[PDB]
């Protein structure tokens, strides 16, 4: 009668996580919106449901929905919460899980104290792969803003589009004024996640991200990937980098020609139970 769930977050990107292997529930778009509501519902950035696999080689399937009920994720943190969750719920004893997702097979690696290592795929850089309006691929690009202000950006696609600019001080960066101008720039026809990176040294950076359609967020994981990859391409960063997001720290590893590896934390906040009827 009652749906059990777990509230989790990854550096403040917060999830409602539901075992739909030992449970069954009908969750349409409106029900997800009602559950997501911070005042009337559970309150979450995304909903993650664990489901029986469709293919014999997967241990699990999952799907991730936004607060408005659409099946979308911008930052790629949910995979880490998933890997922790199936362990915490005793759904498996394996720490190298094979999971079927909307992007194919993923094999997250759960380690110590809730940290999870994730294959984030290959970065893409060509303008038409971002998408970004530019005649030729370059190392950096000048982007024109309002009132004759310009910034230098690098572009990366991690499945979603990113533009990374380097600032001397992440605390004083004009994210509120510059972010919207980048995120909706005419040169980004599908909009873009705008990252503002301060380089502390070759192994440590700080990063604020103005996310597409959202604004500044605590923990854009693909944005951390894009910033670290960009700093490596510019010859500023080593091939393993701690990125301090607004929500906390995680690690990015990359070498040109290989995939990006992200190792990030997870947090178990509380276990809950609710009567789904009051939300359907």
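Residue numbers count along the first chain shown, from 1.
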The stretch whose C-alpha atoms carry the larger average B-factor in the entry, 101-109 or 72-80, is 72-80
Taking the deposited Cα B-factors and averaging over 152-160 and over 81-89, the higher mean is found in 81-89
For 211, 37, 57, 244, the deposited C-alpha B-factor is largest at 57
Max C-alpha B-factor within the set 19, 258, 14, 271 falls on 258
Among the modelled residues of its chain, the C-alpha B-factor of residue 32 falls in the third labelled middle
Residue 26: C-alpha B-factor third of its chain, per the entry, is the highest
The third of the chain into which the C-alpha temperature factor of residue 94 falls is the highest
Residue 195: CA B-factor among chain residues, third -> lowest
Chain-relative C-alpha B factor for residue 53 (record values, thirds): the highest
